[PDB]
Amino acid sequence: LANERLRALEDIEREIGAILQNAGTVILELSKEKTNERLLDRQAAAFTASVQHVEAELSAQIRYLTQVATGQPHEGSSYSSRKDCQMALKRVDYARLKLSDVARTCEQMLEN
Amino acid sequence: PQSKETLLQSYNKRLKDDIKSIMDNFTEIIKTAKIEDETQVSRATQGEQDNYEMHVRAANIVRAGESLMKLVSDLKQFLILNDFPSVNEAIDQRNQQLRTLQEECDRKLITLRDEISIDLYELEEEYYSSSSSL
Amino acid sequence: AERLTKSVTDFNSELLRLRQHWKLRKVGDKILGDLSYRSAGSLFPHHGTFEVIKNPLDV
Amino acid sequence: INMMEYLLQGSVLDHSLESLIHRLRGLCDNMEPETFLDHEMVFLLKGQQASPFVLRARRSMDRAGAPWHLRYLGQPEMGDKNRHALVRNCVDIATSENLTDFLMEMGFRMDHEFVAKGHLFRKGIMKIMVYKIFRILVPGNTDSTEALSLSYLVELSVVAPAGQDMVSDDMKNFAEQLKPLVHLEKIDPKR
């Protein structure tokens, strides 16, 4: 599932980057001496590319869900195995307790 | 899936509308800021109105990024909650693990039962044969 | 943006473990789960629907 | 009372068998698949009536001591368009092994034989079977068979009393909700 994790990471990164780009561009817009001419155009291009990339990634990721999507909430659960294992562990704990009590009584016997 | 299919259609519609709105807002802000002569309206008021419009547009774009962060959150939740494939595999794995654990535990328990029973047999052969005789 | 980066660089791992034990379902915006043995053939008329809220998450 | 079986039939290519099975298990009741191999032989009586009575006998080759099953499925009762399901009269009788000899001595003559290998899932009353028809290679040789086609066959069936129909509506809804992965529709047997 690490695929989804990587997707989300990329998404967040791109979003933050585009936001920073927009900030810088508007700051240079108010600037009395916009020295970053070509640089500014490059930034605009980069921001546009980033937005396009984000959109494409998002659409593809949305389809990923539709391929597994069905509306049905899904019945199948692990409740059976889990409950069984819990019961077994409790039984083993009870056995351990009884064993310890018998051991303690035997120790008492030895103590005299 | 009508419900899920309609939800997917609504998500696509929201993404397209937000992208178009953000691009239009950015273009409008750029021309307005590039700058224009004031006629009748006058800078004092026209300039203050432009400042308010730019601030409102920045607020709209900042929260249009928060809406997309919410969209990323929904993407992660649906990938984790509505991926029945992953669920099948995970359930199977946890089940196998727990079953093996339980069975190993049981084997150990039985052997113990066995060892405790042998000790009990020795004690039953003893205590019963003790002379004592109150 | 910087605020988003500060909120960008655990909820997901937690929800993943939750999937590992509860197999939850999607309705509205109040995502629910199954807390009954109705999958394992129990005819008890009771809704075992536990909610999941954002508070990295609370059940 | 008579037993009517609602059948919706659709196909899945093998390269999508994996995904289909995954989705199926995820939505269907929490069970493992049953992996069923069944050998079915069709016997027909050339009676005075133009229609020949056709009885199908299935033996599990994968299990031991499972009774042969004789099933009679008559003409379709499909009429209204607001059901999207093949409603047919169904009589199912478990039988002993001597069944073969009994039927041939009774006059019934064997027609064709097809083994079927596939998985069985049940959702409530609904039972979904994804199976592949292997045209037996040599009628005697159950061991050798010919896969009829690459695609597997998905059948969703509910056999219930004639008065019940809510279960058939549930079957139609469930098939529709399996549409993104694959399409199950009522296909008339004719051509």
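1. A short note on the environment of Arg109 of chain D
All names here are of chain D.
- With respect to the helices and strands, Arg109 occurs in strand β6 (residues 109-123).
- Of the residues examined, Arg109 reaches a relative accessible area of 39% and is grouped as partly exposed.
- Taking the C-alpha atoms as reference, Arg109 lies 17 Å from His39; in sequence the two are 70 residues apart.
- Those residues in contact with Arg109 that lie beyond four places of it in its chain are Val42, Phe43, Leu44 and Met104.

2. Some remarks on the packing of aromatic side chains
- For the structure shown, the criterion picks out seven aromatic pairs over all chains.
- Where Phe47 of chain A meets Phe26 of chain B, the ring centres are 5.2 Å apart and the plane angle is 55 degrees; that geometry is what we call tilted. Placement of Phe47 of chain A in helix α2 (residues 37-68) and of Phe26 of chain B in helix α1 (residues 2-34) is noted, with the two residues assigned to different chains. Exposure class is identical for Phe47 of chain A and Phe26 of chain B. Each is buried.
- Here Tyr79 of chain A and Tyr37 of chain C contribute two aromatic rings whose centre-to-centre distance is 6.5 Å and whose plane-to-plane angle is 70 degrees, an arrangement assigned as edge-to-face. With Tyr79 of chain A in helix α3 (residues 79-111) and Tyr37 of chain C in the loop between β1 (32-34) and β2 (49-51), this pair bridges two chains.
- According to the relative accessible area criterion, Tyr37 of chain C is partly exposed, its value standing at 44%.
- Above the ring of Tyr64 of chain A, the side-chain terminus of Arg7 of chain A is found at 5.5 Å from the ring centroid.

3. Describing the nonpolar core
- Counting 30 residues, the largest nonpolar core has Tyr6, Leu20, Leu24, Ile128 and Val130 of chain D as the members making the most contacts within it.
- Among the secondary structure elements, those contributing two or more residues to this core are β1 (3-12), α1 (17-27), β7 (126-136), β9 (152-161) and α3 (166-176) of chain D.
- The residues touching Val130 of chain D, leaving out its near neighbours within four places in the chain, are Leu17, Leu20, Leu24, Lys117, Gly118, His119, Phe121, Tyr152, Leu153 and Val154 of chain D.
- Counting 12 residues, the second largest nonpolar core, distinct from the first, contains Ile62 of chain A together with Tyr11, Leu68 and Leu71 of chain B.

4. Re the arrangement of the chains
- In this assembly, five pairs of chains are in contact, and the pair with the greatest number of contacts comprises chains A and B.
- Kept free of each other, chain C and chain D leave a smallest C-alpha distance of 7 Å between them.

5. Some remarks on the packing of helix α3 (residues 84-127) of chain B against helix α2 (residues 11-22) of chain C
- Remark: α3 of chain B packs on α2 of chain C, axes separated minimally by 9 Å, with the N-to-C direction vectors making an angle of 70 degrees. Compared by their axis directions, α3 of chain B and α2 of chain C come out roughly perpendicular. Judged by the twist between their axes, the crossing of α3 of chain B over α2 of chain C is right-handed. Between α3 of chain B and α2 of chain C, the contacting residues are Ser86, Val87, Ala90 and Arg94 of chain B on the first element and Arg19, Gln20 and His21 of chain C on the second.
- Here the residues of the contact of α3 of chain B with α2 of chain C sort into two nonpolar, three polar and two charged.

6. Brief notes about the UniProt feature "coiled-coil region" in chain B
- On the UniProt side, "coiled-coil region" is annotated at positions that read residues 86-115 of chain B here.
- Taken as a whole, residues 86-115 of chain B contains 100% helix and 0% strand, while its terminal C-alpha atoms sit 44 Å from one another.

7. Brief notes about the interface of chain A and chain D
- Contacts between the two partners involve 12 residues from chain A and, on the opposite side, 10 residues from chain D.
- Between chain A and chain D, the buried area comes to about 830 Å², and carbon and sulfur atoms account for 45% of it.
- Looking only at chain A, the three residues that lose the most surface to chain D are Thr70, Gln72 and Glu75 of chain A, adding up to 59% of its buried area.
- Summed over the shared surface of chain A and chain D, the result is one salt bridge.
- For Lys123 of chain D, the salt bridge is made with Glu75 of chain A, and the minimal N-O distance between the two is 3.9 Å.
- At the junction of chain A with chain D, the criterion picks out four residue pairs in polar contact.
- Of all the elements, α2 of chain A adds the most residues to the side of chain A that touches chain D, at three residues.
- Its residues placed into classes, the side of chain A that touches chain D shows two nonpolar, nine polar and one charged.

8. Things to note about the pairing of β9 of chain D
All names here are of chain D.
- For β9, a buried count of seven out of 10 residues is recorded, marking the element as mostly surrounded by other parts of the structure.
- One ladder, built from five bridges, connects β7 with β9; its direction is antiparallel. Residue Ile128 lies in a different strand from β9, and its bridge partner there is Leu156.

9. Focus: the pattern of salt bridges
- On inspection of all chains with the given rule, the structure shows 20 salt bridges over all chains.
- Note that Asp93 of chain A is salt-bridged to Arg96 of chain A, the shortest N-O span being 2.6 Å. Here the residue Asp93 of chain A and the residue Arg96 of chain A both occupy positions in helix α3, the gap between them amounting to three residues, near one helical turn.
- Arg63 of chain D is the partner of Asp62 of chain D in a salt bridge, and the nearest nitrogen-oxygen pair spans 3.0 Å.
- Accessibility expressed as a relative area gives 35% for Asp62 of chain D, which makes it partly exposed.
- Three or more residues are tied together by salt bridges with common partners; here these are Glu34, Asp62 and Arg63 of chain D.

10. Things to note about the environment of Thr66 of chain A
Residue and element names in this part refer to chain A.
- Position of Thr66 relative to the elements: it lies in helix α2.
- With relative accessibility at 22%, the residue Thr66 sits in the partly exposed group.
- Residues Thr66 and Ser100, spaced 34 residues apart in sequence, show a C-alpha to C-alpha distance of 56 Å.

11. Some points on empty space enclosed by the protein
- Quantified by volume, the largest cavity comes out at close to 70 Å³.
- Lining the largest cavity are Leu58 and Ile62 of chain A together with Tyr11, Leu15, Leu71, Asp74 and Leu75 of chain B.
- Mapped by element, the contributors of at least two residues to the lining of the largest cavity are α2 of chain A together with α1 and α2 (43-81) of chain B.
- Taken together, the residues of the lining of the largest cavity break down into six nonpolar, no polar and one charged.
- In this structure, the second largest cavity occupies an estimated 60 Å³ of space.
- Contributing to the lining of the second largest cavity are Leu20, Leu24, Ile128, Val154, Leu156, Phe174, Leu178, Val182 and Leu184 of chain D.
- Broken down by secondary-structure element, the contributors of at least two residues to the lining of the second largest cavity are α1 and β9 of chain D.
- For the lining of the second largest cavity, the class distribution of residues is nine nonpolar, no polar and no charged.

Conventions and cut-offs
- Residues numbered from 1 in each chain as written, not as in the entry; some residues may be left out.
- Chains lettered and ligands numbered in written order.
- Part of a larger assembly, values for the part shown.
- Heavy atoms only, no water.
- Residues with missing side-chain atoms left out of burial classes, pairs and counts.
- Helix = DSSP H or I, 4+ residues; strand = E, 2+ residues; numbered from the N terminus.
- Buried < 20%, exposed > 50% of the residue type's maximum accessible area, 1.4 Å probe, protein only.
- Contact = heavy atoms within 4.5 Å.
- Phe/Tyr/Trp six-rings, centres within 6.5 Å; stacked < 30°, edge-to-face > 60°.
- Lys NZ or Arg CZ within 6 Å of the ring centre and 35° of its normal.
- Core = buried A, V, L, I, M, F, W, Y, C linked by side-chain atoms within 4.5 Å.
- Axes fitted to C-alpha atoms, helices over the stretch in contact; angles between N-to-C directions.
- Parallel < 35°, antiparallel > 145°, perpendicular 65-115°, else oblique.
- Left-handed = near helix turned anticlockwise from the far one by under 90°.
- Nonpolar A, V, L, I, M, F, W, Y, C, P; charged D, E, K, R; others polar.
- UniProt positions renumbered as here; feature names shortened; annotations may be inferred.
- Buried area = accessible area lost by both parts, 1.4 Å probe.
- Salt bridge = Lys/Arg side-chain N within 4 Å of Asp/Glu carboxyl O.
- Polar contact = N/O pair within 3.5 Å; in protein donor to acceptor, adjacent residues only side chain to side chain.
- Pairing = 2+ DSSP bridges.
- 1 Å grid on protein atoms, 1.4 Å probe; cavity = no way out; pocket = protein on both sides within 12 Å on 5 of 7 lines; lining within 4 Å.
- Points joined across faces, edges and corners; volume = space filled by probe spheres on them.

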